[PDB]
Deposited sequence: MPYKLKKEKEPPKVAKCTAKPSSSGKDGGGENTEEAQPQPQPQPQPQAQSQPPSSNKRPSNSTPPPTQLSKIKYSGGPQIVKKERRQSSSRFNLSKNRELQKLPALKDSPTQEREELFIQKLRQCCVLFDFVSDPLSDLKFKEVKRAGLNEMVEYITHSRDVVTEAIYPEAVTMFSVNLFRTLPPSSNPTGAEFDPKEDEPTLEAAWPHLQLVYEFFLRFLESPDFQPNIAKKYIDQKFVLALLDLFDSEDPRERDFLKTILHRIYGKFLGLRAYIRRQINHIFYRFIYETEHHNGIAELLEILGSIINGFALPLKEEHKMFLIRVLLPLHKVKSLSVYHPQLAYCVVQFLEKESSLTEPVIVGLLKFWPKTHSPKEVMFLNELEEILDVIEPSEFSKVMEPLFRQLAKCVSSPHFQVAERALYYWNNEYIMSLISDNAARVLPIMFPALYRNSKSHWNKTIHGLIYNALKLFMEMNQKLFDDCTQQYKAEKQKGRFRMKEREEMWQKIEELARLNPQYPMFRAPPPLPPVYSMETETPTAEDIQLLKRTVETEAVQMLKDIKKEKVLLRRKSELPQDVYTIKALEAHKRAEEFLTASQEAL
């Protein structure tokens, strides 16, 4: 019923100055292991050939397009040898979608070999700078220079997988664990159009190859474990999480211990990376889809979010509050009472925050009548947590919008139940110095020493790269949403 949110190709808000333009961001170094001889004449067409020299002509068209050309160093070298590959790749795409019974088992090694020599390569050094002073959302993408040929290889392989005469028992000896690992290494590509085809191809490979499903899930974890704990830099975290969001919707309902350890030890520590804003709509979908699957996991998810609650990063604190409202929308009333005292001690700090975007995001929880439903059934101990946070800061805020929302939140508590208690005067003043009971014993331990809303969002004033942008809007997607894949 639900699909993961589709990953956008260009994720930078370019509403600054549009008169300044860049210089196309051309790639510098080309490739390793190229060919020497690149001579290619035009083979005869597949449709006009007789019906018995069909597969050998299709092999020779696939024996072509395995010679790699140069688009980076000399961008206009061999234009007649580049167009015969481009017309040949476009011929095989149009041949494979319309005609029937065209793939024999002698076509399966050549279509994998044509994929493995064109795309499987070592991605070039990253043109974007790295460091603590760089916003990871404002990284300009660098398009692949061989995209006149690389696009039609991705387009051919996707129509090859989705053909009705595709036999996954024959192709599983050529699409093996070495093919999958080399395909997962390409998800760090800086071209967003390349990552979009890899997301759709890996979704089809996971869907049809049941013997690779435990291997794909393990190698994705190795990508996230390096990303969380070692490098903190990967360009395709949002594309992999969109694949995993379709896997979670197909899990078997007595949920396995392998999948529960994936939520706690992989999905929850992904919230602490500095570049969470790049992949947050895809990460928040995978967390919520676990709790729709099994609501018993609501307690370790919420106490894991409060453990990774950001304190020196205010745009991430708004994203935590946005994700936490989606969890509280689907929470059970029995799970709410188990977790609400660590939950509302954090919301007391967020309502009383000096940041106006953090304060107004937590004060919008009172507009949610389902969250206010669970508060009214637990008002005996959720009100003494929230009442000092709203009453100590009713008039002391620089923004006057927060003055209205705090008064709006305070009148919903008094109409909920008449707890008009006024014991804020002693339980603050006695605990002014109850922390000074423990301070003089802290000094007593030294007595025995011995032996010594346009303005409300962060925009980018970078110059646009108008050739790269219109190339990203001209790229039609491979598939708009990823359907679920049922667990076997």
| query | finding |
| --- | --- |
| Parts of the chain sequence, as deposited, that carry no C-alpha coordinates in this structure | 1-60, 513-565, 602 |
